[PDB]
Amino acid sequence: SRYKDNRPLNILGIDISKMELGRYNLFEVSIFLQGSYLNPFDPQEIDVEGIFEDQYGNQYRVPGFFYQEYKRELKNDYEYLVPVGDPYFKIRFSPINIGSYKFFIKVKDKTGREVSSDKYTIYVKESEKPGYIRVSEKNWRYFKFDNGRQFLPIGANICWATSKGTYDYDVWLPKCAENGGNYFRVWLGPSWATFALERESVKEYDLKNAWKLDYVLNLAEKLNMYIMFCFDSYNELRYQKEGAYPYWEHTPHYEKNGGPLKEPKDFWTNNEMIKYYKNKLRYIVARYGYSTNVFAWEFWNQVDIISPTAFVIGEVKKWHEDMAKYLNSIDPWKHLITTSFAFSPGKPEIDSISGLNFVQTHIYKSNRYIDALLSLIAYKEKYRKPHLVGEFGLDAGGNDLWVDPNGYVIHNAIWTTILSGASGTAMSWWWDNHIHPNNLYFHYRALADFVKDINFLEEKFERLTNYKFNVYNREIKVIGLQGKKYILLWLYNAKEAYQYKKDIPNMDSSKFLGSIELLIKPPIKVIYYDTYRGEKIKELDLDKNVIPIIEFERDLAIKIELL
């Protein structure tokens, strides 16, 4: 109980960031107080709240959180955080409406005494921000912002840094954002992760790592990127003898390390663990919930591969239902909630829960992964909610960077997924050893430039069917979407798409290879698109349903407009 206090409860100071701000922007209140509490992370010991009300009478109950300021520096190859000042409490709010808001601060400590502030008035003006990310009501396959514009995630996993910490995100994120990226995923566990909140304890959260997460979230805000926060990873509940990067022996949850659990199975039902997990959720909502740059709360990385002694499907299902209900009830902004599985088809008993707003796939597969992706995307349409291919790579023991230095595997997956009806791109692993050093960002820029001018929410896109190839010298395959105005095609050479030795294509496209006929009413306009340079190659108006296929080396995109 490092941060305990034993004084009579009193507010000592309040600092307010700004009294005027824009819609969806951060409004931050700093609260200095004294009180009686053993653990500032436990609302039963001290409960700080901000109560906000808009001019329409809508109320927001925002939990406050304990905070330490730091100043970062780089000591050769590692980030070091110097504490600045005493820790204190903060409230972070974001207005969804414009106009005036009134708010006050309330604090209650373990004695039951309550203190409060005067009522303050702030004023909110219109801004450019599109709002929070939600499921689209127009097409359940996709996400939208509150303002109605689509959110198509394009990006990769960027889940932890090296010892350089936030200084790595300073490098990776600008490169991603300048190349069409608007998405990444970070891990808040296990305890070795850059942003690990439960580092030494499951009862108190790590203020240094929380500050690093603030820093990275703020960078995402400046770059218009949106983050999935993964709260826990399977390693925490996996025994050493079980392999796969196990961490149970080292995790703070285990009684050996000060936690409540005698074995990982007890995580799902242990009353003390459940209480502290809810405190962690409250801390995460308090500290990060305001941000429209939080795309989603993800409970678990690959919960199905915790120790088999600990995976009880009915218990894991009930825990997800209960935690999703709790998280939704305390999150004033109702961020999306998800969870993930290592097994590519997922766990229907969990994926079907209404509290999980979208489903995911993880897939590491070396052979015929294009067909595997299409098959999984077709299968998961049964859930009638968005599908994110949240992890993808070869099944090559992490050797993707040697097998495919040009990123053709990633290239094939991002085109296949976005033109098969997934909510966004397949999300690659290997951000630090592959995507960045091999400079693979250009693949994303080319795809973003192809999709960004179409409102996917309104096209009524369906997986392409009813096509017929007429090609004699090559085996060409297609992944496609057919909509009310556009047909989007990704054509690939089956004999070249899975070979990765040749250099990035850079050829002429003057020869006729063959044709593809589609079920559509002409006249149509056809645009041929180089998927490596990210540029239009050729435009052609046609009065028949037969699309000529121009020469290409590996793959080619075609955008067809019904006129």
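Note that residue numbering begins at 1 and tracks the sequence as displayed. Rigid core (definition): largest C-alpha set, two forms, superposition within 1.5 Å.
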For this session: Please pick 388 to 396 or 128 to 136, whichever has its Cα atoms farther from the shown form in 5 other deposited structures of this protein after a rigid core fit.
Result: 388 to 396
Seminar exercise, completed: Returned stretch for higher CA RMS in 5 other deposited structures of this protein, core superposition, given 397 to 405 and 149 to 157, is 397 to 405
Exercise. Of the two stretches 501 to 509 and 525 to 533, which shows the higher Cα B-factor on average in the entry?
Worked result: 501 to 509
Seminar exercise, completed: Of 289 to 297 and 197 to 205, the stretch with the higher mean C-alpha B-factor in the deposited entry is 197 to 205
For this session: Would you mind finding, among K119, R282, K125, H434, the residue with the largest C-alpha temperature factor in the entry?
Result: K119
Exercise. In the PDB entry, which of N470, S94, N157, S340 has its C-alpha at the highest B-factor?
Worked result: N470
Exercise. Hey, what third does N76 fall into on Cα B-factor, ranked over its chain?
Worked result: highest
For this session: Give the position of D86 by CA B-factor within its chain, expressed as the lowest, middle or highest third.
Result: highest
Exercise. Lowest, middle or highest third: where is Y67 by Cα B-factor in its chain?
Worked result: lowest
Seminar exercise, completed: Binned into thirds over the chain's modelled residues, the C-alpha B-factor of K102 lands in the highest
For this session: Classify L440 as lowest, middle or highest third according to the C-alpha B-factor given in the PDB entry, relative to its own chain.
Result: middle
